[PDB]
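See below for the structure under consideration.
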Number of protein chains: 2
Amino acid sequence: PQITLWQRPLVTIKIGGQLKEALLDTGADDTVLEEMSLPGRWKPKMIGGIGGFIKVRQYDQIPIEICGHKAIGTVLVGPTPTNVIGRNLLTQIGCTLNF
Amino acid sequence: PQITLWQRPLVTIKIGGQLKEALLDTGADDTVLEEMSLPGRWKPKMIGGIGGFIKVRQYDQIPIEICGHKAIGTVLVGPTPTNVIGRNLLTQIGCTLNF
Ligand SMILES: CNC(=O)[C@@H](NC(=O)[C@@](O)(CCCN(Cc1ccc(-c2ccsc2)cc1)NC(=O)[C@@H](NC(=O)OC)C(C)(C)C)Cc1ccccc1)C(C)(C)C
């Protein structure tokens, strides 16, 4: 699909069998979601945003559907103001910027 | 043009007679740049992202040029870790997300 930016590019994603709303963010290297449960072991990661740094839990090879498109990748879980889908997953679904 | 997301979507912008590198961010409500001088009146604003909030100065009706495309809009100036071009300007240059 072609998404304009007059409104926030919020889309429905499916992870762990649950539906959630997330923001397609081209300015994000990684994908970070609000607190949730995920299987397996996690690794620590410190990420930086406009307001500073936060600690997150890193889960790899996690299946996640974005707007119906299937992806399997790294998902970070932590105190984020909103669920954000970063380039690591936007690339998996073939997303690009055009103007 | 079509910008891939394998790498950070960085572009050159012309603003206030200066050339700066900025990140095209579909997940950003506003456009925020590192400390710089801009003409006209302004008002304080607090913006939030990952890590918390930072205080910036809000300048409205500021001429800007991105990848050759001219536009005008609000530009926030403050201690941002990186220059971000938000939706308020991305819309003006006809930028869309496609997949
Ligand atoms: C309502 N707030 C906003 O729209 C704000 N948006 C954001 O912060 C984001 O759009 C992300 C902005 C892009 N930043 C750029 C950046 C790059 C390097 C550093 C940096 C470099 C060294 S120290 C800090 C700091 C910021 N990107 C990010 O924040 C992401 N970080 C990242 O890719 O880092 C490598 C991540 C944390 C989401 C993964 C995420 C977001 C969207 C909606 C609601 C809440 C949050 C605002 C435009 C005001 C700044």
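Order of the sequence lines sets the chain letters (A, B, ...), proteins ahead of strands, with each chain counted from 1. Whatever order the structure lists them in is the order used to number ligands and atoms, beginning at 1.
The shell of residues lying under 4.0 angstrom from ligand 1, judged by heavy atoms, excludes B:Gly86. For the ligand labelled ligand 1, residue A:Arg87 lies outside the 4.0 Å heavy-atom shell.
Looking at B:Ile47 against ligand 1, only its side chain comes within 4.0 Å, counting heavy atoms. The residue B:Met46 has no part lying near ligand 1, judged by heavy-atom distances below 4.0 Å. Contacts with ligand 1 closer than 4.0 Å are made by side-chain heavy atoms of A:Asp25 only, the backbone lying farther away. Residue contacts with ligand 1, taken as heavy atom pairs separated by less than 4.0 Å, involve B:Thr82 solely via side-chain atoms from C-beta onward. Neither the backbone nor the side chain of B:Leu76 has a heavy atom within less than 4.0 Å of ligand 1.
For a threshold of 3.5 Å applied to N or O pairs, the pair formed by B:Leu23 and ligand 1 contains no separation below that value. An N or O contact shorter than 3.5 Å is missing between A:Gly49 and ligand 1 by distance. Among the atoms of A:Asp29, some N or O lies under 3.5 angstrom from an N or O of ligand 1. Close N/O approach between A:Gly48 and ligand 1 is found [any backbone or side-chain N/O within under 3.5 Å].
In this structure, the side chain of A:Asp60 does not engage the main chain of A:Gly73 through any donor-acceptor pair within 3.5 Å. In terms of modelled atom types and a separation under 3.5 Å, the side chain of B:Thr31 and the main chain of B:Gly86 share a donor-acceptor contact. Within the 3.5 Å criterion, the main-chain N or O of B:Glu34 finds no donor-acceptor partner in the side chain of B:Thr80.
Every atom of ligand 1 with a heavy atom of B:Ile50 under 4.0 Å away is listed here by number and element: 37 (C), 38 (C).
Taking 4.5 Å as the limit, every side-chain heavy atom of B:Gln58 sits out of range of all side-chain heavy atoms of B:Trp42.
Nearest non-hydrogen protein atom to atom 21 (C) of ligand 1 is B:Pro81 CB, 4.5 Å.
Checked options B:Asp30, B:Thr26, B:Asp29, B:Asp25; the residue passing with B:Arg87 is B:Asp29 (criterion: side chain to side chain donor-acceptor pair (under 3.5 Å)).
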